[PDB]
Structures are given as C-alpha cells and as structure tokens.
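**Q** Dropping a structure here in structure tokens format, bear with me for questions.
Positions of Cβ are generated from backbone atoms using ideal geometry, with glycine treated the same way; all protein chains shown enter the neighbour counts. Each value in this text was obtained by applying a stated rule to the coordinates, not by laboratory testing.
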Amino acid sequence: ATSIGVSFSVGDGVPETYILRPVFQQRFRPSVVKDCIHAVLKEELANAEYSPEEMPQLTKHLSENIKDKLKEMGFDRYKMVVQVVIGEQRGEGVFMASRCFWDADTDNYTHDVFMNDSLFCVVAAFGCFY
Amino acid sequence: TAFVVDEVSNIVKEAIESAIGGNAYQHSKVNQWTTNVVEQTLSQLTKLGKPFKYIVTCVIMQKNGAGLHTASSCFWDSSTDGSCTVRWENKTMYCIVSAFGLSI
C-alpha cells in the first residue's frame, strides 16, 4: 500500500508607477508542464528496477531533466523551480505541502505522481513571473 | 538585501520544532503537520521584509525502514536567488523542508 497526500496554498498579498504583466501565450501553463513532466517520468522510470542506493542521484537527474525540458517551452520571463521527491515502495507513502508568497495572478504550480514496483515519486514545479 | 541561508535555515529548524517537535508520527495529523510547517516557515520568512517571493515545501514520511529522497533544480538568477533545505529526523518520521527565495 502507498498513501500520497499533496496540498498547496498561497499567502495573501503580493510581495513588493506601472507594472508588467505576462502575455497570455507565454504564460506558465500547468497543463503543458504536467504533460512534459509525465513524459520525462515515463521515459526515465518506466518500470526499470531501482535499488534504494540509486534513488538519491535519481532525484537530481529527474529534477535537472525536467528543468531543462521546461526551459524550451517558451515560458518567457519565468523563473522556475522543480522539486522531485522519491520514496521506496516498501514505505507507507509520503505527504507534502507547498505554500507560496507570490503573485497569484501570474504564477502557477503543478503537482504530479508516478509509481512503479521500485518507488513512488512526487514532482512539484513552480513558475514565478519576471 | 540578500538571501541569507543560515538565517533561513534557523527559521526552518524552529518552524519544524514548533510544529512536530516532540511528537511521534500520527496518521491522523500528518497532512495538518505539513501545512503547519509551511505556514509557520513562510510567515517567519515574510517578516524579514526582504524583496523576495518565496516557495516553501514540507515533506513528511513515516519511518518504516524505507528511505526518503529529494532534490531540486532551478532556472533563476543565481546571483540574486537562493534556496535552503533542511532534513529533519526523529525516531518515527522524516521531515524535509525546502525554501526558495526568488528576487523581484
């Protein structure tokens, strides 16, 4: 068995005349980011056996690969953070909370889940404008 | 001013202690615990007054002999932006908190 609980919340207000706002076609698109992430996870992890000792470097490999894929999606003027969490399948599961103090009108996030016989994985990605 | 890692690191450690310090793992509270950690951590970060937009994540796993692994990769300005990660552990659970500061 494996229980996974992931939540997200945002603090009030925006951290601090004119403002710049992102153009729609270049915004951080959660639906697109999800499809990139799952493609990376499927190719790199599909059902290959991973020992526990392989997992610490595996997380960095996935985070770097996902980050590099997102850099070529046309998301202009967005700083991006990708966090990868992996647990061994023998475990009961994992629980995660994300909270941001940012601009809720421009910035967005994704949470995604992958599992195979060796491990379960959680990917959190964030995009902050400008 | 700047993202001071040891300044953030002490904030994270105290936030973890305030939320789950001295508690054994309870299934009935784990989601409440992760939310409490990021809530306290972010609040103490915003009180520094520095010009950052913050991302804070907390991960909790019950100890079964199974391991917990994390990593982060970013695409930002390394001259201005930074991150702090604390791995906390007691007899019954792991807790990993990552805080990212993105200058504006």
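**Q** Evaluate segment B:85-95: report whether one residue or more is assigned to a strand (DSSP E or B), at the interface with chain A (Cβ under 7 Å from one of its Cβ atoms) and among the polar types (S, T, N, Q).
**A** No, there is no match, as no residue in segment B:85-95 is assigned to a strand (DSSP E or B), at the interface with chain A (Cβ under 7 Å from one of its Cβ atoms) and among the polar types (S, T, N, Q).
**Q** Please go through segment A:46-64 and pick out each residue that is more than 7 Å from chain B (Cβ to nearest Cβ) and surrounded by 19 or more Cβ atoms within 10 Å (Cβ to Cβ).
**A** Hits for segment A:46-64 are A:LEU58, A:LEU62.
**Q** When the residues of segment B:38-64 are filtered to those that are at the interface with chain A (Cβ under 7 Å from one of its Cβ atoms) and assigned to a helix (DSSP H, G or I), which remaining residue is surrounded by the most Cβ atoms within 10 Å (Cβ to Cβ)?
**A** B:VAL38
**Q** B:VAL12: within 10 Å of chain A (Cβ to nearest Cβ) and surrounded by 18 or more Cβ atoms within 10 Å (Cβ to Cβ), yes or no?
**A** No: the conditions fail for B:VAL12.
**Q** Consider B:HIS27 against the criteria (1) more than 9 Å from every other protein chain (Cβ to nearest Cβ); (2) surrounded by fewer than 14 Cβ atoms within 10 Å (Cβ to Cβ); (3) not charged (D, E, K, R): it satisfies all of them except one. Which criterion is unmet?
**A** Answer for B:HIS27: the failing condition is (1).
**Q** Could you check segment A:85-109 and list, in sequence order, the residues that are in a strand (DSSP E or B) and either at the interface with chain B (Cβ under 7 Å from one of its Cβ atoms) or crowded, with 23+ Cβ neighbours inside 10 Å (or both)?
**A** A:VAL85, A:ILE86, A:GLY87, A:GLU88, A:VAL94, A:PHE95, A:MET96, A:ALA97, A:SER98, A:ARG99, A:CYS100, A:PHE101
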